[PDB]
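What follows is a single structure, written as structure tokens, with notes after it.
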Amino acid sequence: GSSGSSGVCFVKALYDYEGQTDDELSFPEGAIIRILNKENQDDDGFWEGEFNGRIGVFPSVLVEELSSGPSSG
């Protein structure tokens, strides 16, 4: 069981991020990431996602949400 949120999420790195340490995630300008955990309240505000076979953490600020709909404009 342990069912809660059933709906993966993705995000594109608007600006290339250079992870300080391994724990962090390093992706080029415009890289897609697979959100794994979005539980951040006390901590600074970094999420966890896997990329190119690498699991790290990002400030969730250098990325943009990917919706399944065209932007009105």
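Every chain in the structure tokens takes a letter, A first, then B, and so on in the order presented; its residues are numbered from 1, and the ligands are numbered from 1 following the presented order.
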Set the distance at 9 Å and use only C-alpha atoms: which residues neighbour residue 62 (chain A) once local chain neighbours fewer than 2 positions away are removed? I'd like the list as JSON, numbers by chain.
{"A": [12, 13, 14, 15, 16, 17, 58, 59, 60, 64]}
Nearest to residue 28 (chain A), chosen from A:1, A:63, A:46, A:41, with only C-alpha atoms counted in the distances:
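Result for the nearest residue to residue 28 (chain A): A:63.
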So that I can check the surroundings of region 31-36 of chain A, please list as a list in words every protein, DNA and RNA residue that reaches within 7 Å of it, counting only C-alpha atoms and ignoring chain neighbours fewer than 5 positions away.
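The residues satisfying every condition are residues 8, 9, 10, 11, 12, 13, 48, 49, 50 and 51 of chain A.
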Considering only C-alpha atoms, can you say which of A:73, A:61, A:56, A:67 comes closest to residue 26 (chain A)?
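Of the candidates, the smallest distance to residue 26 (chain A) is held by A:56.
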